[PDB]
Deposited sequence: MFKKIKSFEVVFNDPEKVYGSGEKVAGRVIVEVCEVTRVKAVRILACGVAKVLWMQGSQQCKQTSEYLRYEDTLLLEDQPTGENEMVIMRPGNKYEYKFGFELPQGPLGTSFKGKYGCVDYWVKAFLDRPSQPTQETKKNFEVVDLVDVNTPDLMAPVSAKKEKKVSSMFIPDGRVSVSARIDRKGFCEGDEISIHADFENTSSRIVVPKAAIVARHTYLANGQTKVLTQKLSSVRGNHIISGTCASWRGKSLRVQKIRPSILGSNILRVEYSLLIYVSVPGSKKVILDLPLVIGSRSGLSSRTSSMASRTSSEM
């Protein structure tokens, strides 16, 4: 009869970290026996694009949250069964938080979308499991194909070169690559410091996954390059130095950066970090 997912703030846009809460509300026109009231709540992004003849897709889960709802009058819990007569509203309470990190941010635009919703399954007498799904809105606090680029400068001083500096700037053509393509890096490096410095680049991947009872992050250096030593008092440039792109189903999403940095012996690295999207064939 009625079987409805009802949020406490029907109009809220939820932010990273907050907590999402409501009720599943069940009404009936004749007497029924209920095996379970369940919910699953998801958040997922699909980035999707053509690279010539071929489509490249990255999928990211931000929220995989499942659970069985208990009514106040079910004190013996959930391997126990309920009894639904007409005329009163049955309200199952539910809650969860949004994960910590960056969430996909509710979208339905050029290269795909991000949806969060809550699904409520019901289980009558001897029946298949009925459904209701309801969206909610989410918001994290640049076009996939535009060029991405950055520059950075650090003072690396010397008694005899007080104004010694190391700097780097780099540019790539788009932010989205398909596994297999190469990233062609354009970069200019200047070193007026007294050290010999070494420019390097690398794809680094952060895998977000569910170990227990947590969302952990595994980080992996996935592919890298090493330029020539740049000696004191000189500059050097990459003119399209190229860089190829190549646990379990507890694997939610992967985030990728191209790192283009310079190593200064006896001093901190200088790091540009350029985010990326990496889809499969």
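- request: Would you flag the ranges of the deposited sequence that the structure leaves without C-alpha positions?
  value: Holes in the chain trace, numbered from 1: 1-5, 147-151, 257-262, 298-315.
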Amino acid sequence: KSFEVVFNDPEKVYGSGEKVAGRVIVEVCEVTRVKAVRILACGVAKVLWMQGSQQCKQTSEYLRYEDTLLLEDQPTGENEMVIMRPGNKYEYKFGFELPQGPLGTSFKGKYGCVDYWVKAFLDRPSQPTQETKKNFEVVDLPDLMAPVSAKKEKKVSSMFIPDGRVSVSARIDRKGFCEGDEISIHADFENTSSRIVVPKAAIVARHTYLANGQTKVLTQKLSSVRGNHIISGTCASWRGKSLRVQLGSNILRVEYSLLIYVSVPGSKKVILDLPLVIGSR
From here on, numbers count along this sequence of modelled residues.
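- prompt: Taking the recorded C-alpha temperature factors, which stretch has the higher mean, 200-208 or 116-124?
  reply: The deposited B-factors put 116-124 ahead on the C-alpha mean.
- prompt: Should the higher mean CA B-factor in the entry be assigned to 55-63 or to 33-41?
  reply: Result: 33-41.
message: Between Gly248, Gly233, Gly227, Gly240, which one tops the list for Cα B-factor in this entry?
response: Top of the list by C-alpha B-factor: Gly248.
Residue selected from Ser149, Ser184, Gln130, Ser194 by maximal Cα B factor: When the deposited C-alpha B-factors of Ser149, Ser184, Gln130, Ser194 are compared, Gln130 is largest.
task: Can you work out whether the C-alpha temperature factor of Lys108 puts it in the lowest, middle or highest third of the chain?
output: Highest third of the chain for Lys108's C-alpha B-factor.
message: Where does the C-alpha B-factor of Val166 rank in its chain, lowest, middle or highest third?
response: Lowest third.
- request: Comparing against every modelled residue in the chain, figure out the third that the C-alpha B-factor of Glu190 lands in (lowest, middle or highest).
  value: For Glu190, whose C-alpha B-factor we compare with every modelled residue in the chain, the answer is the lowest third.
Modelled-residue ranking by C-alpha temperature factor, third containing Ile260: For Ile260, whose C-alpha B-factor we compare with every modelled residue in the chain, the answer is the lowest third.
task: Would you check the entry's CA temperature factor for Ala21 and let me know if it's in the chain's lowest, middle or highest third?
output: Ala21: CA B-factor falls in the middle third of its chain.
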